[PDB]
Amino acid sequence: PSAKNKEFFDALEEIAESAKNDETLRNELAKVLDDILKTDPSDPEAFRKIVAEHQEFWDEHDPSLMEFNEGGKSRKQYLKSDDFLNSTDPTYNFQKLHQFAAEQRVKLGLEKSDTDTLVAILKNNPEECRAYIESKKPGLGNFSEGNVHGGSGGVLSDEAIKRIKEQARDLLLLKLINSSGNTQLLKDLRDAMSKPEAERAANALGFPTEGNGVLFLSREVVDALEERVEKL
């Protein structure tokens, strides 16, 4: 068959997308992400174990993640092998899954952040973002040095910081759309035919110019923009 590294990567993305509307699932997911985050990815035996420890969580979303029709190795041997989680995965090794868990843990905390937190994320450069995330403990996650070996900082790659900003962009845009009484300006952003046009309309609505590098109109923002513009 194949190792489950990418499937866990995709399951993490899918559960987080669903956690935006199930507060009880978000608190479940936060605990799982917190456990992965405090496990050293350089210890493959501990890393496989902490993932297998949450089978009850994985089975509620995808029972294929933890399945293994024994008949070959036993299930215990399988769960401790590269056949379950390949520590030498060229793309989704334990470091990459550890970094993705932290990036998801931040995005999870951003779903409850106020407007100022979202703006600071978009204004700060990658280096400031890490120190800023290392200053909001444990709102956006425990990125102290006790849990990360480390300190993070590290686990938040530059590409991870960019995806965190993309999430804060959508969260902030939805807030501005749900707040502004400037109907014509909301029409302008809805009808922007280019990024520079979207930039000028979004900046006027309150989106910081420092976040223009990640500015992009997603489906959920256009949908919310369409409703609000037609809302009388």
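The deposited coordinates, according to the entry record, derive from X-ray crystallography at 2.0500 Å resolution.

The name that the PDB entry assigns to the protein is Interaptin, with the source organism given as Legionella pneumophila subsp. pneumophila ATCC 43290. The deposited entry bears the title "Legionella pneumophila RidL N-terminal domain lacking beta hairpin".

A few words now on the overall build of the protein. Tallying secondary structure elements over the protein gives 12 helices and 0 strands in all. Counting from the amino terminus, the protein carries its helices and strands in the arrangement α-α-α-α-α-α-α-α-α-α-α-α. Taking the principal axes of the C-alpha coordinates as reference, the protein spans close to 65 × 35 × 30 Å. Across the 232 residues of the protein, 46% fall into the buried class. Here the protein displays about 12000 Å² of accessible surface, and carbon together with sulfur accounts for 47% of that area. Of the side-chain charges in the protein, 32 are positive and 45 negative, and the distance between the mean point of each set is 2 Å.

Turning to the domain arrangement of the protein, a few remarks are in order. Domain parsing of the protein yields domain 1 (1–112) and domain 2 (165–230). Averaged C-alpha coordinates put domain 1 and domain 2 at centres separated by 34 Å. Contacts between the two partners involve 4 residues from domain 1 and, on the opposite side, 4 residues from domain 2. Around 350 Å² of area is buried between domain 1 and domain 2 when both sides are counted, 62% of it from carbon and sulfur atoms. Sorting the residues of domain 1 by area buried against domain 2 places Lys20, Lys107 and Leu110 first, and these three jointly supply 85% of that buried surface. There are 0 salt bridges connecting domain 1 and domain 2. Between the two partners, domain 1 and domain 2, sit 0 residue pairs in polar contact. Along the lines of polarity and charge, the residues of the side of domain 1 that touches domain 2 split into 1 nonpolar, no polar and 3 charged.

The next thing to look at is empty space enclosed by the protein. If you roll a probe as big as a water molecule over the atoms, it shows you where there is empty space left. Put simply, the largest cavity is a space of about 90 Å³. If you trace the largest cavity, you find it lined by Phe8, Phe9, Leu12, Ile36, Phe47, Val51, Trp58, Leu85, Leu97 and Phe100. Mapped onto the lining of the largest cavity, the elements with two or more residues apiece are α1 (5–19), α3 (44–52) and α6 (94–110). The greatest single-element share of the lining of the largest cavity, amounting to 3 residues, is contributed by α1.

In this section: helix α11 (residues 195–205). Listing the buried residues of α11 in full gives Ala198, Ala201, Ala202 and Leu205. In an axial view of α11, the angular spread of the buried residues amounts to 95°, which keeps them on one side of the axis. Exposed side chains of α11 directed beyond 90 degrees from the buried face belong to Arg200 and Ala204. For α11, the secondary structure elements touched by its buried residues are α9 (158–179) and α10 (183–190). If you check the start of α11, you find a side-chain oxygen 3.3 Å away from the backbone N of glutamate 197, and it comes from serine 194. Among the residues trailing α11, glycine 206 stands out with phi positive, at a value near 120°.

Another aspect to go through is the packing of aromatic side chains. Evaluated as defined, the whole model comprises 8 aromatic pairs. Plain terms: the ring middles of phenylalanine 68 and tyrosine 78 are 4.2 Å apart, the flat faces sit at 5° to each other, and that makes the pair stacked. Since its relative accessible area comes to 22%, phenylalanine 68 is described here as partly exposed. By relative accessible area, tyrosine 78 is classed as buried at 7%. Here the aromatic rings of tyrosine 78 and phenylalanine 84 are separated by 5.6 Å at their centres, their planes lie at 55°, and the arrangement is tilted. Residue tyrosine 78 shares its accessibility class with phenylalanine 84, and that shared class is buried. Cluster of aromatic residues (ring-pair linked, three or more members): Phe8, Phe57, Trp58, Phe68, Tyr78 and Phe84.

Calculation notes
- Residues numbered from 1 in each chain as written, not as in the entry; some residues may be left out.
- Heavy atoms only, no water.
- Helix = DSSP H or I, 4+ residues; strand = E, 2+ residues; numbered from the N terminus.
- Buried < 20%, exposed > 50% of the residue type's maximum accessible area, 1.4 Å probe, protein only.
- Areas by Shrake-Rupley, 256 points an atom, 1.4 Å probe, with all protein chains shown as cover.
- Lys, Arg positive; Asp, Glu negative; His and termini not counted.
- Charge placed at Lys NZ, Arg CZ, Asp CG, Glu CD.
- Domains from an automatic or database assignment.
- Contact = heavy atoms within 4.5 Å.
- Buried area = accessible area lost by both parts, 1.4 Å probe.
- Salt bridge = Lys/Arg side-chain N within 4 Å of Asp/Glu carboxyl O.
- Polar contact = N/O pair within 3.5 Å; in protein donor to acceptor, adjacent residues only side chain to side chain.
- Nonpolar A, V, L, I, M, F, W, Y, C, P; charged D, E, K, R; others polar.
- 1 Å grid on protein atoms, 1.4 Å probe; cavity = no way out; pocket = protein on both sides within 12 Å on 5 of 7 lines; lining within 4 Å.
- Points joined across faces, edges and corners; volume = space filled by probe spheres on them.
- Arc of directions from axis to C-beta.
- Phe/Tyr/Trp six-rings, centres within 6.5 Å; stacked < 30°, edge-to-face > 60°.

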